[PDB]
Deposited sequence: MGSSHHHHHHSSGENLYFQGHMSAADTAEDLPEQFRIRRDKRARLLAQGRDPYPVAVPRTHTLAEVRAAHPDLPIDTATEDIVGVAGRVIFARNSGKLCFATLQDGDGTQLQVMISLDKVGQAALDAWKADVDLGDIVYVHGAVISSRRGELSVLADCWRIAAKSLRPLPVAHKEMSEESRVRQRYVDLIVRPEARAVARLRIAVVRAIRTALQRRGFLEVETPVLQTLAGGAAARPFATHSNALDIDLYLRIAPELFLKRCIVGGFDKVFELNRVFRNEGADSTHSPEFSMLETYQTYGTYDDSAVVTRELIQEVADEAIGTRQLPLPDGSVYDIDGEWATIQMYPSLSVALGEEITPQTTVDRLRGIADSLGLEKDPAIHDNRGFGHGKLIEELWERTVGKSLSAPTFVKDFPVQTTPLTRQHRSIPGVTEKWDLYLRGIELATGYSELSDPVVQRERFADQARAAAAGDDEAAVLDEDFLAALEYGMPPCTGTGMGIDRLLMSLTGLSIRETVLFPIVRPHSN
């Protein structure tokens, strides 16, 4: 019902030649600027520094000859205003009382004082916007269907939104210090490749074909290495037409990075530094506090373990690239398609779940890693690592497969479970120098650093 009273203050303001939504207002400082300015003001004393400020009224204490409001800026910073009879306007005070609700954006010019809390004592005042919905005094999934309200009433939502923006800045800073170049590769592709996922298709009207949103930029980033890029990345959305869960969404921000003439050994060291540098820039500590109330140390060096050896110790027997699927299925049952899949799953179900300190696992089954180079010395495994931080599958890197005839086979196997990415394979046969790629999910980065769910990390999900 308050929806109607509010619409009728707008109307009776328009009729009266009052502007409820004025083009401009001369806001001289932010309330943060007015705070940093008067940090220690002897309380109940006045100062002749004049300011125009605008804020959202989020409390009002109306009292005859004197109204007090709390004006909150968009960052949450608060200044109190004092709409007084005596300064200017009995009619201003009546206008104030009658026209000004809660959730109203409001400009006030005048003197900066501290009362018997930092306030502005009004020379003038005007409305900048008239709200036709009162602020509520909120469930998770209603907070997320209405982030704009969440950001006004919930300081934490402000803190989280700024945090992600700061993490993303810190990332670009870290990669740019190291000579990486940020490139833009296609989101619409004739076939989507470079990961294991079911793509979003769309019809094009220009071309009268179906196109596919990128599952991953890897294949196009590898054409940039062929093309002569030394050090490239791309920090931008990927689209995977699968289910949502606590570490999975169909649209999410993902970093990929390629460095020429380094291996997975080299890109492990960079991923650690990059994460540690981000924590410092954006959180101020490598001793990460959690909603637990616990503290997760990500400082220092990080453990590396091999999948097969670590799996062997966990199962009490030698598991090699040679170990048959009949053997592996057997073990699987004893707990509760093919070899590559079984190793990773058995590993995930035994070693994976027990991890707590930040660990790299490396040397992976050749079957489940079609784009990564065969290991230099160990037959049957690829030079790939997964990074687990606070138990989250955070990041991965490869020594990259630059052999086209091998790469052709890897795909010819995939498919038989038969059109390949012939222009990608074309690019490799022009010669791709030896290089190491990485990938990392921005949402998993935040979750691993904060505790925050994926539906708190993204501004506008669904």
**Message:** Without any C-alpha position in the structure, which residue ranges of the deposited sequence would you list, numbering from 1?
**Reply:** 1-32, 149-150, 172-175, 375-386, 468-475, 521-526
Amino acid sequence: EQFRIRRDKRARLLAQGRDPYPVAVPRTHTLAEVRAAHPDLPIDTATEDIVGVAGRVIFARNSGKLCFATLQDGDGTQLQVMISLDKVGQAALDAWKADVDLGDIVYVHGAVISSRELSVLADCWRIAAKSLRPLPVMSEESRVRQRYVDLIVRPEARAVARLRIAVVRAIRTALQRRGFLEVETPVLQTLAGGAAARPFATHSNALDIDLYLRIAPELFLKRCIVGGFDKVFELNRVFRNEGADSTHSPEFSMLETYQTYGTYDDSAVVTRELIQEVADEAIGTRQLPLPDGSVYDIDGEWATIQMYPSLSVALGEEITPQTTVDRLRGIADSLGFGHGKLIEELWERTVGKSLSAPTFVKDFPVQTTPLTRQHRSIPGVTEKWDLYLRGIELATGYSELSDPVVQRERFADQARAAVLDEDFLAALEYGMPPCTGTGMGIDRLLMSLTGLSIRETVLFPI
From here on, numbers count along this sequence of modelled residues.
**Fill in**
The stretch carrying the higher mean Cα B factor in the deposited entry, 305-313 or 241-249, is 241-249
**Complete:** Comparing mean C-alpha B factor in the record for 203-211 and 295-303, the higher one is 203-211
**Item:** Candidate residues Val381, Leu328, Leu118, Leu371, the one whose C-alpha B factor the record puts highest
**Value:** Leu118
**Request:** For the C-alpha B-factor as written in the entry, point me to the maximum among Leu342, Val270, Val278, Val81.
**Result:** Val81
**Prompt:** Hey, what third does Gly194 fall into on Cα B-factor, ranked over its chain?
**Reply:** middle
**Complete:** For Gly17, the third of its chain by CA B-factor is the highest
**Where the record places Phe337 (Cα B-factor, split into thirds across the chain)** = highest
**Position of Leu85 among the chain's modelled residues by C-alpha B-factor, lowest, middle or highest third** = highest
**Request:** Within this chain's modelled residues, let me know which third the CA B factor of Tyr430 belongs to: lowest, middle or highest.
**Result:** middle
